[PDB]
Structures are given as structure tokens and as C-alpha cells.
Amino acid sequence: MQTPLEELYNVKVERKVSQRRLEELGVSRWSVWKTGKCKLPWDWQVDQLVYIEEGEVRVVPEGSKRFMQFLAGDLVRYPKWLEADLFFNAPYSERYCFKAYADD
Amino acid sequence: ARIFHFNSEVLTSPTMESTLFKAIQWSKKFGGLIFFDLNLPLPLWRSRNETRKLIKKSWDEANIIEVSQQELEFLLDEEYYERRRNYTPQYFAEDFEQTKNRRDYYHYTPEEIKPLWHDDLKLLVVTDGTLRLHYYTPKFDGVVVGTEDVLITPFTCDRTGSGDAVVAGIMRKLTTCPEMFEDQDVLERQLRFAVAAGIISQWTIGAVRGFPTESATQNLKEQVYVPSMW
Amino acid sequence: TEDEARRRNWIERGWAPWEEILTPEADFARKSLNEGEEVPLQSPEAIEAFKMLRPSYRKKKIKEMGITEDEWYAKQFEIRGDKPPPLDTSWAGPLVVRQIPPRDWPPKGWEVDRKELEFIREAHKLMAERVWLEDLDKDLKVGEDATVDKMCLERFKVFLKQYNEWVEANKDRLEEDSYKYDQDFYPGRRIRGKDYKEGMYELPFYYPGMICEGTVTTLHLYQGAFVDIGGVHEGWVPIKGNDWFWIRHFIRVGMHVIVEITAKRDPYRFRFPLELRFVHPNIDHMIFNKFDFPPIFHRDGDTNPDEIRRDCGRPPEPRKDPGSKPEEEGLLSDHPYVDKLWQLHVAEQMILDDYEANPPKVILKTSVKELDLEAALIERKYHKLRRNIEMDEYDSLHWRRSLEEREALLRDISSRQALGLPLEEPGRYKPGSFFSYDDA
């Protein structure tokens with residue numbers, strides 16, 4: 001359809017995050033997750049903040065024919081109750097943090 | 001001869017094309033009418049523009065022209081009429097008849113036919129098989145409703161040559177009923193004879209083997225049509 | 001009894017005694033068959049219906065009544081039965097309005113001066129000002145004091161300047177999109193072609209809360225009344241079913257009404273982008289059948305049902321409840337990339353073996369350029385292996401990710417249970433009736 005997937009699925013993105021915002025979030029203390037070329041299905045049970053440090057991921061929501069692309073330097077907030085397949089085609093590295101209600 | 005008849009197959013030969021236009025000159029000098037039965041061969045279906053240039057000279061020399069529905073749409077615009085047939089209203093039909101989803105028997109307007117009309121043309125006939133015979137004259141136009149039944153004899157039906165029987169039936173009535181050119185009611189009644197001849201021709205394997213006689217054609221016409229349409 | 005069943009058919013099944021305009025033959029059939037099979041007709045209705053079987057008798061009857069034939073043809077299309085109590089619409093005080101720019105200006109993807117926009121947006125705080133009917137007299141401006149130049153409309157005029165700039169730059173594009181997406185015109189679609197006139201209001205000119213004067217143009221038995229409010233889209237008052245049985249006496253085509261905009265929606269997704277309610281006449285007491293959701297289009301690019309329902313406000317597709325609590329499930333530690341590492345591990349080991357020796361089926365091609373043979377050969381000559389250790393560290397990262405989600409989930413559960421917030425996505429998971437080696 002005409003509406004982008006990020007708007008439909010409430011995937012908040014902050015492409016090209018400044019270093020000041022990273023330190024406000026305390027990204028340097030976040031855990032590290034990395035992968036190579038693979039496919040990851042996941043259903044988010046809580047909100048997750050992801051800061052991509054290397055590579056890119058293409059996110060295909062359940063039943064979708066389109067994808068959302070996030071690149072290194074982007075800060076992504078995956079919403080609670082989201083079901084999607086994450087696709088990687090090259091080395092990928094990220095720092096993540098799961099957020100409960102309130103929190104951040 | 002009062003009617004000179006030829007097809008477009010002679011236009012594929014350089015020798016016949018030169019010979020054809022000398023025959024037309026003699027026939028017109030002696031008062032004969034020129035009947036162009038298009039029947040486009042395989043090469044002439046390649047492109048509209050090349051075919052129109054190839055047939056234009058012979059088209060202009062003809063007093064009577066018979067074309068099929070497919071040939072006419074190919075010569076004018078094949079995609080426009082294909083889109084026209086495939087149109088379906090989104091919410092509701094424009095009239096009750098459009099709800100029945102019946103077969104398309106579109107009657108071309110004389111303004112659509114205008115690029116193909118010339119001064120010497122007396123009668124243009126567009127054949128949708130034996131189902132419809134659209135006729136066009138300088139004064140009037142209309143359609144003759146016909147029919148077909150090859151499923152009545154599934155093992156002997158063969159449509160080959162039925163187009164020739166329709167053309168032969170037209171020429172049979174044109175020579176003996178000269179008022180067909182000027183009287184619309186007379187023209188429609190005589191064209192139903194050509195419809196009947198085409199129907200019978202489809203009931204036999206082989207074109208020549210299955211061509212019908214006059215009495216058989218007249219019998220079928222009176223059986224198919226109500227007496228007021230004879 | 002034959003009072004609750006009739007009421008049940010009206011309320012539950014939408015029954016209404018709609019008029020049946022019968023031909024003389026049909027009218028005679030119903031009046032005569034009530035008497036018997038082959039009997040002398042006795043009732044005055046059936047006797048008269050027998051006479052009416054001849055149109056010559058009807059013409060004689062019409063002339064004796066002094067009316068024309070067409071008037072008689074129109075008298076048969078008359079509503080039978082009793083009439084509803086006539087409407088009595090009372091105004092709840094005077095109609096007091098402001099000229100407030102729509103809150104949603106400008107449209108998405110259209111750039112305007114943000115300094116002018118903030119000047120425009122100042123008028124949106126005027127809705128908080130209180131107005132009392134005991135006060136619309138103290139300093140009322142009338143006559144020569146109420147000319148347009150005397151009024152402060154500066155913030156609305158800046159909106160008009162931006163609106164006209166947007167109209168002149170997007171008018172042709174919007175009409176082109178209407179032809180691309182909408183094959184046939186229908187009330188609620190964009191007026192186009194010869195029917196379009198310059199000066200028709202575009203959708204961003206309207207906003208909920210506006211009061212409009214318009215005329216009724218179309219009545220639909222299953223949809224409602226469509227009102228021309230001076231725009232390129234007609235407004236829509238939702239009325240359907242049995243309600244039209246009485247409402248048809250008051251809502252007629254071509255009559256002038258006063259309407260209020262209750263919702264404005266995207267015309268690509270919703271059939272009727274402008275939703276209205278009648279202010280004058282007031283027919284709130286006559287409307288009983290309501291639309292659960294506004295009707296939408298199902299278009300060519302709509303292949304995912306979950307995306308469609310998010311474009312509108314419709315619930316998710318229900319599923320059977322799994323019957324298991326997500327916070328009580330075991331953690332996941334199998335990193336999806338491990339299966340790829342295993343293939344690379346096997347490819348390196350079989351290449352090393354060849355180096356030594358000669359110095360239902362699924363096939364997995366492996367490239368030599370994605371293998372690290374320099375480290376493998378040193379490990380081979382030195383002798384789990386490095387690749388096996390590499391698989392465990394990827395598993396540890398995946399296990400840590402699962403652990404942190406579960407820990408956040410446990411806190412999230414306690415907060416939601418305390419504040420009465422849903423644990424599962426609402427609409428999802430409808431209930432029932434809705435549808436050893438290691439030790440050895």
C-alpha cells in the first residue's frame with residue numbers, strides 16, 4: 001500500500017544518531033549482539049531499543065511482501081507485540097536494550 | 001461479369017497485383033462492381049500501418065467490402081476495442097441489459113468507420129461469424145442478427161469455408177436484388193439468406209463438400225426466422 | 001406471539017414493510033386468491049381489481065376522477081401506512097463559530113514556512129476560551145461595525161495563502177491519482193473531468209467540528225445520505241437498513257441541510273473520506289443501525305491482512321489462545337547463524353583432509369572464499385575446535401538476549417497487572433467456541 005511499513009507498525013527510527021543522544025541513553029553499557037548471513041524470526045514481547053554499529057538488517061513483518069531496512073548508525077525501537085523476520089546478508093553488529101512499561 | 005471479386009492474397013504477389021489493377025480497370029469500364037473480400041493472409045497481420053498501406057489502393061477501388069470483426073478492429077485499433085470489451089462497471093450497471101453479462105456484439109458507429117470510407121464504396125459488411133452482420137451504406141447502417149449451431153452435429157462440424165458461403169450468398173442477392181443498396185429493410189431480409197448459407201456450410205467436413213444449395217438455404221432461413229423477418 | 005416476532009424481525013433481521021408497487025395482474029392475483037380457487041369474486045376489492053385488468057377501464061376511471069394519466073402513474077408510487085411524527089428541531093442557543101485553520105495542515109510531504117505555520121497554529125489555542133450566552137450582547141458588533149475589514153482574521157488568512165499555494169501545485173496530480181486508482185465515479189470519490197469546477201474545496205480545507213450548509217444529492221439504502229458541502233468530495237451521513245423506513249419521509253434529495261463534520265479520513269483507504277451528521281434537521285432519535293467501522297477499499301497492493309487492518313482502526317485477525325504463559329517458557333539460545341558456521345566448519349575440515357591425502361537429499365554449496373583456511377591449517381598441524389568455540393560464543397550472545405527480554409518481561413508483567421493494562425495484544429487470542437543419552 002501507500003503507507004510505509006514503519007508508519008504502519010510503529011517502528012520508531014532515529015537514523016544518524018548524534019553521539020550526545022547515545023550517551024544520554026547510555027548505549028556504551030548496552031549488551032552486544034552480532035550475526036552473519038542468516039534469518040531470525042522473532043515476536044517481540046517487550047519493546048527493544050537497538051543501535052546498529054555495523055552492517056544492515058531487512059525486517060519483514062509477518063505476512064508482508066515489503067521490508068524495512070536499517071543501516072549502521074540507526075537507532076531502532078522495535079515495538080511490543082511485533083512479529084517479523086530479520087534478514088542479514090553480511091556481518092552485523094548491534095547494541096540492544098529491552099524496555100518494560102515506563103522505563104525509557 | 002457484373003461483380004468482380006478478389007481477396008487480399010493477390011497483394012502478396014508482385015505479378016498478380018499489377019494484373020489485378022488491369023482487371024479492375026476493364027471491369028469498371030464495363031460497369032462491373034468491385035467486391036473486395038479482405039481475408040488477410042498470415043504476413044498481413046504483422047502490423048497495422050504496413051497492412052493499411054498495402055491494401056489502401058485496392059481498398060479505394062472497391063465498391064463492396066467484406067471484412068471480419070477481427071480484421072476491422074486490427075485495421076483501426078486492436079487494443080482500444082479489446083479494452084472496450086473488457087470494461088466492467090465498478091458499482092452498478094448502466095442499464096438492466098448490462099447486468100446479464102452477455103456476449104459483446106458491439107456495432108461500430110459510422111464515425112469510427114470513417115477512416116476507411118471513400119466515395120465509391122456502396123456497401124461495407126462486417127461479419128462476426130454468422131452471429132452478426134454489420135452493414136454500412138452511405139445513407140444508413142445497421143446489424144443483422146444471426147446464429148450458429150455446430151454443436152447440433154459435433155462429429156461433422158467444420159467451420160472452414162463458411163466465410164465463403166456468406167460472401168457467395170451476398171453476391172447471389174446483390175445481383176438479383178439491386179434495391180438492396182438503397183432499401184434498408186430489403187437489405188436486411190436478403191442478408192438473412194447469407195446468414196443461413198453460412199450456418200449450413202459449418203455442418204460438413206470440407207468447404208467445397210459442404211457448400212449448400214439455394215433451396216436448402218431458403219428452407220433454413222424460413223425455419224430459423226419468424227415469418228415477418230423473411 | 002405475533003408481536004414480539006415482528007419486533008424481533010425489525011430489530012435483529014432488519015425487516016420493514018416496504019411498499020410493493022404491483023401491476024394490475026399482480027394486484028388482481030393477491031386479491032382474488034384470498035377468496036378461493038374457482039369461485040365468484042365477492043369482495044369489492046377483488047371485483048374492482050378484476051375491472052382494472054383492462055387498461056381501457058382504467059382510463060375511463062381516471063377521467064372520471066379528473067386527473068391525468070401521469071398523475072395516476074405517480075399516485076401508485078406513494079408511501080402507504082401511517083406517517084412518523086413531524087420533526088421539531090430546536091436550536092440549542094445561537095450558532096457561534098470561529099474561523100480556525102484545520103489542525104492537520106499542511107498535508108504530509110508538503111513543505112511550508114514553519115514560521116508562518118506557527119503563526120497559524122496560535123489560533124488552535126482559542127478553543128479553550130469560554131463563551132457564555134449571557135455575554136454575547138455587551139459589545140456586539142452589527143451593521144457597519146461588522147464588515148469583514150473590521151475583523152481580526154490574520155491567522156486564518158495566512159492559512160488561506162498557504163492553502164491556495166498548495167492547491168495550484170497539487171490540483172493536477174490529485175486528479176491524475178483519482179483516475180489511476182478509482183475506475184468509476186461514486187459519491188465520496190473525487191469529482192473529476194467535466195464535473196470538476198475551479199473553487200471546489202480540497203480535503204485539507206475541512207476538519208472535524210466545522211459546520212457546513214449543503215444539499216442532499218444521493219440516498220443509499222445501505223450506506224446513507226450524501227451531501228454536497230462545496231468540496232471535491234461529497235460528505236456522508238451513515239444511515240442504513242430499517243432506519244430509512246421512517247427517515248425517508250424527512251431526508252429528501254435536493255433539500256438544504258446543516259451538517260457537522262465528525263471525521264475526515266484518507267480517500268485512498270476509506271470509501272467516504274468526509275463523515276457528517278445532520279444538525280438541521282435533527283434525526284438522532286431515528287437512527288438505530290450503526291456502522292461498526294467505516295467502510296474501506298481492498299485494493300491491488302493490499303496483500304497482507306495485518307497491514308490492511310493497521311491502515312484503518314480494525315482489530316487483528318483472532319487466533320486460538322495457546323494456553324501457555326510466555327513468561328514461563330524456556331529461554332532460547334540457538335543462534336540462527338550457528339547453522340551457517342557449521343557448514344563452514346565442515347567445508348574447512350574436508351578441505352584440510354584433501355590437503356593431507358593429496359598434497360530426500362539437500363545439497364549445500366559452500367564457497368572457498370568464505371573460509372579461513374590459514375587458521376584452520378595451523379590448528380590442523382597443531383593437533384573441541386575453534387569453530388565449535390565460535391558456535392558457543394554466538395550461542396552465549398543469543399542466550400543473553402533471551403535472558404534480558406525475559407527479565408524485562410517479568411517487570412513489564414508486574415507493572416501492567418498493577419495498572420490494569422493488557423498482557424496480550426487486544427483482539428488477538430480469542431477464547432474457545434469463537435471458532436538417557438545426557439546422563440550416559
# chains A, B, ... in the order shown; residues from 1 in each chain; ligands from 1
call {"tool": "closest_atom_pairs", "arguments": {"of": "chain B", "to": "chain C", "cutoff": "9 Å", "atoms": "only C-alpha atoms", "output": "JSON lines"}}
result
{"residue": "B:89", "atom": "CA", "partner": "C:184", "partner_atom": "CA", "distance": 7.0}
{"residue": "B:90", "atom": "CA", "partner": "C:184", "partner_atom": "CA", "distance": 6.1}
{"residue": "B:91", "atom": "CA", "partner": "C:184", "partner_atom": "CA", "distance": 7.8}
call {"tool": "write_last_selection", "arguments": {"atoms": "C-alpha atoms", "output": "tab-separated table (two decimals), in the first residue's frame"}}
result
chain	number	residue	atom	x	y	z
B	89	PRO	CA	-18.62	-1.07	-14.24
B	90	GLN	CA	-17.30	-0.95	-10.69
B	91	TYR	CA	-20.51	-0.44	-8.69
call {"tool": "select_by_dssp", "arguments": {"residues": "region 214-408 of chain C", "states": "strand (DSSP E)", "output": "VMD selection string"}}
result
chain C and resid 214 to 220 224 to 228 235 to 238 256 to 264 274 to 280
call {"tool": "write_last_selection", "arguments": {"atoms": "C-alpha atoms", "output": "compact mmCIF listing (two decimals), in the first residue's frame"}}
result
# COMPACT_ATOMS: atom_id res chain seq x y z
CA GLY C 214 -25.20 21.73 1.87
CA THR C 215 -27.75 19.89 -0.23
CA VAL C 216 -28.65 16.21 -0.24
CA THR C 217 -27.61 14.64 -3.54
CA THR C 218 -27.80 10.86 -3.08
CA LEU C 219 -29.70 8.46 -0.82
CA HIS C 220 -28.36 4.91 -0.44
CA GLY C 224 -26.72 6.73 3.93
CA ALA C 225 -27.22 10.25 2.64
CA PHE C 226 -24.55 12.05 0.61
CA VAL C 227 -24.35 15.83 0.95
CA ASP C 228 -22.60 18.32 -1.31
CA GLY C 235 -19.97 14.26 2.62
CA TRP C 236 -21.55 11.11 4.01
CA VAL C 237 -24.17 10.72 6.74
CA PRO C 238 -24.31 7.00 7.68
CA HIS C 256 -30.83 22.13 2.01
CA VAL C 257 -29.40 20.92 5.32
CA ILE C 258 -26.94 21.98 8.01
CA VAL C 259 -24.31 19.35 8.78
CA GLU C 260 -21.33 18.95 11.10
CA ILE C 261 -18.10 17.20 10.14
CA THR C 262 -17.44 14.33 12.55
CA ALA C 263 -14.45 12.67 10.85
CA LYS C 264 -12.08 13.24 7.95
CA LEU C 274 -15.91 13.08 4.90
CA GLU C 275 -18.26 11.76 7.59
CA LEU C 276 -21.14 14.00 8.62
CA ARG C 277 -24.17 14.16 10.88
CA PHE C 278 -27.32 16.18 10.28
CA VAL C 279 -27.60 19.25 12.51
CA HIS C 280 -30.78 20.57 10.90
call {"tool": "interface_residues", "arguments": {"of": "chain A", "to": "chain C", "cutoff": "9 Å", "atoms": "only C-alpha atoms", "output": "number ranges by chain"}}
result
A: 1-3, 5, 8-9, 31-40, 44-48, 62-65, 80-81, 96-102
call {"tool": "residues_around", "arguments": {"residues": "residue 431 (chain C)", "least_positions_apart": "6", "cutoff": "10 Å", "atoms": "only C-alpha atoms", "output": "number ranges by chain"}}
result
C: 318-323
call {"tool": "write_last_selection", "arguments": {"atoms": "N, CA and C atoms", "output": "mmCIF file, in the first residue's frame"}}
result
data_model
loop_
_atom_site.group_PDB
_atom_site.id
_atom_site.type_symbol
_atom_site.label_atom_id
_atom_site.label_comp_id
_atom_site.auth_asym_id
_atom_site.auth_seq_id
_atom_site.Cartn_x
_atom_site.Cartn_y
_atom_site.Cartn_z
ATOM 1 N N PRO C 318 -8.253 -12.817 14.766
ATOM 2 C CA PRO C 318 -8.166 -13.591 16.008
ATOM 3 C C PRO C 318 -7.523 -14.952 15.792
ATOM 4 N N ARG C 319 -6.954 -15.475 16.876
ATOM 5 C CA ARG C 319 -6.290 -16.770 16.870
ATOM 6 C C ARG C 319 -6.673 -17.531 18.130
ATOM 7 N N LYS C 320 -6.517 -18.850 18.074
ATOM 8 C CA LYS C 320 -6.738 -19.671 19.256
ATOM 9 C C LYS C 320 -5.676 -19.373 20.307
ATOM 10 N N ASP C 321 -6.110 -19.250 21.554
ATOM 11 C CA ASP C 321 -5.179 -18.972 22.636
ATOM 12 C C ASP C 321 -4.245 -20.161 22.832
ATOM 13 N N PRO C 322 -2.929 -19.944 22.899
ATOM 14 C CA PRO C 322 -2.007 -21.077 23.070
ATOM 15 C C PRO C 322 -2.172 -21.805 24.390
ATOM 16 N N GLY C 323 -2.760 -21.166 25.400
ATOM 17 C CA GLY C 323 -2.911 -21.797 26.693
ATOM 18 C C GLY C 323 -1.645 -21.897 27.509
#
call {"tool": "residues_around", "arguments": {"residues": "residue 101 (chain B)", "least_positions_apart": "3", "cutoff": "12 Å", "atoms": "only C-alpha atoms", "output": "list in words"}}
result
residues 85, 86, 87, 88, 89, 93, 95, 96, 97, 98, 104 and 105 of chain B
call {"tool": "atom_distance", "arguments": {"atom1": "CA of residue 129 (chain C)", "atom2": "CA of residue 97 (chain C)"}}
result
12.5 Å
call {"tool": "residues_around", "arguments": {"residues": "residue 198 (chain B)", "least_positions_apart": "4", "cutoff": "9 Å", "atoms": "only C-alpha atoms", "output": "short mmCIF file (atom, residue, chain, number, x, y, z; two decimals) with N, CA, C and O atoms, in the first residue's frame"}}
result
data_model
loop_
_atom_site.label_atom_id
_atom_site.label_comp_id
_atom_site.auth_asym_id
_atom_site.auth_seq_id
_atom_site.Cartn_x
_atom_site.Cartn_y
_atom_site.Cartn_z
N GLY B 129 -18.58 -13.79 -37.51
CA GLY B 129 -19.02 -15.12 -37.89
C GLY B 129 -20.36 -15.05 -38.60
O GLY B 129 -20.60 -14.16 -39.43
N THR B 130 -21.24 -15.98 -38.27
CA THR B 130 -22.63 -15.90 -38.69
C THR B 130 -23.53 -15.28 -37.62
O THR B 130 -24.74 -15.19 -37.83
N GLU B 148 -25.63 -19.55 -34.88
CA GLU B 148 -24.82 -20.67 -35.32
C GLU B 148 -25.18 -21.87 -34.46
O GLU B 148 -25.57 -21.73 -33.30
N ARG B 159 -15.93 -25.41 -39.62
CA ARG B 159 -16.22 -24.03 -39.97
C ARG B 159 -15.52 -23.56 -41.23
O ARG B 159 -15.86 -22.49 -41.74
N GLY B 161 -14.62 -22.60 -44.81
CA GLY B 161 -15.44 -22.30 -45.97
C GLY B 161 -16.75 -21.61 -45.67
O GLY B 161 -17.44 -21.21 -46.61
N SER B 162 -17.12 -21.45 -44.40
CA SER B 162 -18.37 -20.78 -44.09
C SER B 162 -18.31 -19.29 -44.39
O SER B 162 -19.34 -18.68 -44.71
N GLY B 163 -17.12 -18.68 -44.29
CA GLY B 163 -16.98 -17.30 -44.71
C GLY B 163 -17.20 -17.11 -46.19
O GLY B 163 -17.73 -16.07 -46.61
N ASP B 164 -16.80 -18.09 -47.01
CA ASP B 164 -17.02 -18.01 -48.44
C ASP B 164 -18.50 -18.15 -48.79
O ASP B 164 -18.97 -17.53 -49.75
N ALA B 165 -19.23 -18.98 -48.05
CA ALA B 165 -20.66 -19.14 -48.30
C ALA B 165 -21.43 -17.86 -48.00
O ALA B 165 -22.38 -17.52 -48.71
N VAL B 166 -21.04 -17.14 -46.95
CA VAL B 166 -21.68 -15.87 -46.62
C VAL B 166 -21.45 -14.86 -47.73
O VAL B 166 -22.37 -14.15 -48.16
N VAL B 167 -20.21 -14.77 -48.22
CA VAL B 167 -19.89 -13.85 -49.31
C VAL B 167 -20.64 -14.24 -50.58
O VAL B 167 -21.18 -13.39 -51.28
N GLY B 169 -23.46 -15.84 -50.73
CA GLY B 169 -24.86 -15.51 -50.54
C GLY B 169 -25.14 -14.03 -50.72
O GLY B 169 -26.21 -13.65 -51.20
N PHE B 193 -30.52 -14.39 -45.82
CA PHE B 193 -30.21 -15.51 -46.71
C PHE B 193 -28.73 -15.87 -46.64
O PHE B 193 -28.37 -17.05 -46.63
N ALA B 194 -27.85 -14.86 -46.58
CA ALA B 194 -26.42 -15.13 -46.46
C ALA B 194 -26.09 -15.75 -45.11
O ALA B 194 -25.18 -16.59 -45.02
N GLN B 202 -21.21 -24.86 -42.13
CA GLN B 202 -20.46 -25.30 -40.97
C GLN B 202 -20.82 -26.71 -40.51
O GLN B 202 -20.27 -27.18 -39.51
N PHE B 211 -20.82 -26.93 -49.22
CA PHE B 211 -21.50 -25.72 -49.68
C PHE B 211 -22.97 -26.02 -49.97
O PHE B 211 -23.27 -27.02 -50.65
N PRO B 212 -23.90 -25.21 -49.49
CA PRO B 212 -25.33 -25.53 -49.62
C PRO B 212 -25.94 -25.03 -50.92
O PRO B 212 -25.46 -24.10 -51.56
N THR B 217 -30.77 -23.47 -48.38
CA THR B 217 -30.56 -22.20 -47.68
C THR B 217 -31.88 -21.49 -47.43
O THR B 217 -32.11 -20.97 -46.33
#
call {"tool": "atom_distance", "arguments": {"atom1": "CA of residue 104 (chain A)", "atom2": "CA of residue 75 (chain A)"}}
result
13.8 Å
call {"tool": "residues_around", "arguments": {"residues": "residue 71 (chain B)", "least_positions_apart": "2", "cutoff": "9 Å", "atoms": "only C-alpha atoms", "output": "number ranges by chain"}}
result
B: 38-40, 45, 67-69, 73-76, 126
call {"tool": "residues_around", "arguments": {"residues": "region 189-193 of chain C", "least_positions_apart": "3", "cutoff": "7 Å", "atoms": "only C-alpha atoms", "output": "JSON, numbers by chain"}}
result
{"C": [175, 178, 185, 186, 196, 232, 233]}
call {"tool": "write_last_selection", "arguments": {"atoms": "N, CA and C atoms", "output": "compact mmCIF listing (two decimals), in the first residue's frame"}}
result
# COMPACT_ATOMS: atom_id res chain seq x y z
N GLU C 175 -5.95 14.86 -9.36
CA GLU C 175 -6.89 14.34 -10.35
C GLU C 175 -6.30 13.15 -11.09
N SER C 178 -6.68 10.16 -8.96
CA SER C 178 -8.06 9.70 -8.93
C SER C 178 -8.36 8.76 -10.09
N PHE C 185 -16.65 6.87 -11.05
CA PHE C 185 -17.04 7.84 -10.04
C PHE C 185 -18.15 7.28 -9.16
N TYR C 186 -18.14 7.71 -7.90
CA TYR C 186 -19.14 7.33 -6.92
C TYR C 186 -19.16 8.40 -5.85
N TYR C 196 -15.78 18.67 -12.67
CA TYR C 196 -14.97 19.49 -11.77
C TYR C 196 -15.10 20.96 -12.13
N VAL C 232 -14.61 18.94 -3.38
CA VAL C 232 -14.37 17.96 -4.43
C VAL C 232 -14.76 16.56 -4.00
N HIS C 233 -15.08 16.37 -2.72
CA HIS C 233 -15.66 15.13 -2.21
C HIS C 233 -16.98 15.45 -1.53
call {"tool": "atom_distance", "arguments": {"atom1": "CA of residue 354 (chain C)", "atom2": "CA of residue 90 (chain A)"}}
result
28.8 Å
call {"tool": "select_by_dssp", "arguments": {"residues": "region 80-224 of chain B", "states": "alpha helix (DSSP H)", "output": "PyMOL selection string"}}
result
chain B and resi 80-85+110-113+162-176+184-201+207-210+214-224
call {"tool": "closest_residue", "arguments": {"among": "B:204, B:58, B:175, B:127", "to": "residue 152 (chain B)", "atoms": "only C-alpha atoms"}}
result
B:204
